[PDB]
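Only one chain is given next, in structure tokens, and it is the form deposited in one PDB entry.
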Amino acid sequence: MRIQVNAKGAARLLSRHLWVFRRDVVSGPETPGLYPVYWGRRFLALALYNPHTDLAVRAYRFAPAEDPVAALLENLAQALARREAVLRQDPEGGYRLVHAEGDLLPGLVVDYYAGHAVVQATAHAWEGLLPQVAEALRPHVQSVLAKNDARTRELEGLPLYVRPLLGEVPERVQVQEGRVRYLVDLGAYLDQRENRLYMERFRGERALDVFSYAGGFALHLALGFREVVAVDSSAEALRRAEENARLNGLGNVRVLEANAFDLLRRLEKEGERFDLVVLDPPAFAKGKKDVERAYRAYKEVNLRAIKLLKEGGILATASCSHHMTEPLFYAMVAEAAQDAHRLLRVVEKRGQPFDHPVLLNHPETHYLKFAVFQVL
């Protein structure tokens, strides 16, 4: 079987982007699987293919190989390899083992929560290879969970479920993130792992960790701040926080359930002023249409946090959405510091950690933005 694509799709794969959408496909196999892609009789790549989706082709190799399935399971080896050296030098931390496209393993995500792996396939061809994927994980895991309930799997013609693929997987587990530890529900945002560690270098009296979830940022901040106030919407989240709090021996970490948009503008009126504020909200946009409205949401919250800071305070602001490009994200923060009539010096601009790889030729692998500013 061969996948044929037009001149547009051919150029995309030659520029090294991995996706070819349906409208640029001419002919393709009858069923989902691993097939080679051509532009006439010129080989372009090997790929994960689905004939029933707008995103039809997902390249994982740009050179012909004897066995397409071997080549794939090969990328998985080299992807697990790039980690290991770190997996044995900190077997208790939380790291990503496979970051889909970024590791040339499209539609596959596999996270490591200190021994207990969690696989996540979202491309049809993977579903049947879950047993091989698990085989490569045993030399490092104590178990493997298949969390395939993603609503995204429905577009692929895949069933929604969740269940073990090796050993026995607990209900939860603790992760050693630097000088602190946290729990995961076999919940954890490994993307901000190294940015949370960055925050340990700051000292001060009051710190306000907004959109904190389980208080990942608060635990690190509690080590250098008199008081820390983790804020969130889901009461279930703040709870995991208090739990992570005591588990570390931290008393200076009071939580506070509420809607950040009301809590902030309010704290500004009551005269509340902090030494460091961390903002780490969620997408605010599911589609290219939310970009406009999302921009305002992000702006408000940042404008507000800036006003809550004392002269000299630190602002750590972030975004994880693929709809909030980096130039936009930074434009917004400047729009916020502008309206606030406050001058922010740039402390540092960070992105995604090494275990969440980014491919230049494939923009969609780049979503995390993390910046640290000092108000003057």
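In case it trips you up, residue 1 is the first one in the sequence shown, and so on. Rigid core: the largest C-alpha set superposing within 1.5 Å between the two forms.
Coordinates are lacking for 4 to 9 deposited residues between residue 186 and residue 187.
Higher mean CA temperature factor, per the PDB entry, when comparing 216-224 with 154-162: 154-162.
When 165-173 is weighed against 78-86, 165-173 comes out higher, by mean CA B-factor as recorded in the entry.
By the numbers in the PDB entry, the CA B factor is greatest at 268 among 268, 275, 200, 101.
The residue among 306, 210, 108, 241 whose C-alpha atom has the highest B-factor in the PDB entry is 241. When the CA B factors of the chain's modelled residues are split into thirds, the value for residue 179 lands in the middle one.
The deposited CA B-factor of residue 317 belongs to the lowest third of values across its chain. The PDB entry assigns residue 1 a C-alpha temperature factor belonging to the highest third of its chain's modelled residues.
When the modelled residues of the chain are ordered by C-alpha B-factor, residue 53 sits in the middle third.
Compared with the other modelled residues of the chain, the Cα B-factor recorded for residue 72 ranks in the middle third.
Although it is not shown, the form deposited in another entry is what the next lines describe.
No residue in 71, 291, 86, 165 other than 291 shows a CA shift of 2 angstroms or more between this form and the one not shown after fitting the rigid core. The two forms, fitted on the rigid core, differ between this form and the one not shown by less than 2 Å at the CA of residue 350.
Comparing the forms between this form and the one not shown, the C-alpha position of residue 341 differs by 2 angstroms or more, with the core used for superposition.
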